[PDB]
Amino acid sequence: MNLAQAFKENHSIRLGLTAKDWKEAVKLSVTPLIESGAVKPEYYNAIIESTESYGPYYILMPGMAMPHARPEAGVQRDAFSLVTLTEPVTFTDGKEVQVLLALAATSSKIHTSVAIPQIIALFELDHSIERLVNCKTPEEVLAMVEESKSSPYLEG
């Protein structure tokens, strides 16, 4: 799955949301994918239980999280969402987050070779966090996704 098409098909870009804490922020990012049927409802409980037991395992760079769990915890199909908050929330390891890109992968192989390269392309644009946060409409975010496509991560 390609980011743009996942976003469109899942209607999973939801911007300018307010979360009081990390568990809420996480709920907001996965809910769009429960509604589309990309993931089962349990996927949510899994991310939270994994987070509580292990700490955040998905805060790739400061400002962003890619919340996910194992495929076996209720992924039906490959999908992504993107949620931006109006204020950062603090995760359990002291890390602040304002942008959440939830990930549903049907295998570790596609997580590593297909999903992560596309996520890192997006976030390596200049001022990617600040620009994502100033996006008002899904079309704006997708214009950013287009611009990420000349990343070396995307060549194969």
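Heads up: residue numbers just count along the shown sequence, starting at 1.
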{"query": "Greater mean Cα temperature factor according to the PDB record, 5-13 or 144-152", "finding": "144-152"}
{"query": "Residue stretch of maximal mean CA temperature factor, 113-121 vs 55-63", "finding": "55-63"}
{"query": "Of the residues 48, 104, 129, 30, the one carrying the largest Cα B-factor as recorded", "finding": "129"}
{"query": "Within-chain third of residue 136 by Cα B-factor, per the entry", "finding": "middle"}
{"query": "Chain thirds of CA B-factor: placement of residue 41", "finding": "middle"}
